[PDB]
Amino acid sequence: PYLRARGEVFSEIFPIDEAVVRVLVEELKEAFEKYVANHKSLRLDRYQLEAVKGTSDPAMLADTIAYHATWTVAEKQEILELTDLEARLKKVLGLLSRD
Amino acid sequence: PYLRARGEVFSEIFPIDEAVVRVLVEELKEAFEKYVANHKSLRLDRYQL
């Protein structure tokens, strides 16, 4: 320590196949909104998800909604390493359904 | 070796009334869009076709 690394450029996944992706983001936002309005244990508002709108990349929202819930952060690391846009969305929606 | 072939019959049938073939192409495009409609990891920018 202190740790340093010669990291790389922004490695993102592009919003591809907007139809199914927006559909699954809507389903994820439905599951997340009932997560917020049902799980009294968290009560986290859409002030870090709806606060970001210029970068409407569904990976950004998939990582934001996953952040808003309190399952294990190891799965957040794995979803940060995921390369599939909706497998991120399916992973967050599945963990929200489990919650 | 070396590689060398010999074409014998140039079999290629062009169906008359290509609009019917284009309608079948549209049907196959619709089926491919239906296959794309369920993907969670096999998404692709299919609109460039």
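### So, the interface of chain A and chain B
Across the boundary between the two partners, chain A contributes 12 residues, which contact 10 residues of chain B. Here chain A packs against chain B, burying approximately 860 Å² in sum over the two surfaces, 50% of which is carbon and sulfur. Contact with chain B buries area across many residues of chain A, yet A:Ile16, A:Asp17 and A:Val20 alone supply 49% of it, more than any other trio. For the pair chain A and chain B, the interface holds 1 salt bridge. Put simply, B:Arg43 and A:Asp84 hold a salt bridge, and the shortest N to O gap is 3.6 Å. Contributing elements (two or more residues each) for the side of chain A that touches chain B: α1 (18-38) and α4 (85-98) of chain A. The element best represented in the side of chain A that touches chain B is α4(A), accounting for 4 residues.

### Concerning helix α2 (residues 58-68) of chain A
Residues and elements named next belong to chain A. For α2, the buried fraction is high: 8 of the 11 residues fall into the buried class. Among the residues of α2, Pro58, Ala59, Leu61, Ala62, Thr64, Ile65, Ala66 and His68 are the ones counted as buried. Tucked inside the fold, the buried residues of α2 contact α1, α3 (73-81) and α4.

### Quick word on the nonpolar core
Residues and elements named next belong to chain A. If you look at the biggest cluster of nonpolar residues, it comprises 23 residues, and the most contacted ones within it are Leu28, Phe32, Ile65, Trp71, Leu89, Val92 and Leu96. If you list the elements that add at least two residues to this core, you get α1, α2 and α4. Broken down by element, the residue count for this core peaks at 8 residues, all from α1. With sequence-adjacent residues up to four places away left out, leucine 28 is seen in contact with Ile65, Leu89, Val92, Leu93 and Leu96.

### Thoughts on the layout of surface pockets
Approximately 290 Å³ is the volume found for the largest pocket. Taken together, A:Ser11, A:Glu12, A:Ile13, A:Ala59, A:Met60, A:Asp63, A:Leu80, A:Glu81, A:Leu82, A:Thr83 and A:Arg88 form the lining of the largest pocket. Examining the composition of the lining of the largest pocket, we find that 3 residues originate from one element, α2(A), more than from any other. Taken together, the residues of the lining of the largest pocket break down into 5 nonpolar, 2 polar and 4 charged. Of the voids in this model, the second largest pocket is the one considered here, and its volume is about 170 Å³. Along the walls of the second largest pocket sit A:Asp17, A:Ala19, A:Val20, B:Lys29, B:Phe32, B:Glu33, B:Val36, B:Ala37, B:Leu44, B:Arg46 and B:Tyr47, which together make up its complete lining. Taken together, the elements giving at least two residues each to the lining of the second largest pocket come down to α1 of chain A together with α1 (18-36) of chain B. Looking at the lining of the second largest pocket, the element that brings in the most residues is α1(B), giving 4 residues. Grouping the amino acids of the lining of the second largest pocket by side-chain chemistry returns 7 nonpolar, no polar and 4 charged.

Parameters and conventions
Residues numbered from 1 in each chain as written, not as in the entry; some residues may be left out. Chains lettered and ligands numbered in written order. Part of a larger assembly, values for the part shown. Heavy atoms only, no water. Contact = heavy atoms within 4.5 Å. Buried area = accessible area lost by both parts, 1.4 Å probe. Salt bridge = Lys/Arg side-chain N within 4 Å of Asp/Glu carboxyl O. Helix = DSSP H or I, 4+ residues; strand = E, 2+ residues; numbered from the N terminus. Buried < 20%, exposed > 50% of the residue type's maximum accessible area, 1.4 Å probe, protein only. Core = buried A, V, L, I, M, F, W, Y, C linked by side-chain atoms within 4.5 Å. 1 Å grid on protein atoms, 1.4 Å probe; cavity = no way out; pocket = protein on both sides within 12 Å on 5 of 7 lines; lining within 4 Å. Points joined across faces, edges and corners; volume = space filled by probe spheres on them. Nonpolar A, V, L, I, M, F, W, Y, C, P; charged D, E, K, R; others polar.

Shape descriptors only; they carry no functional weight alone.
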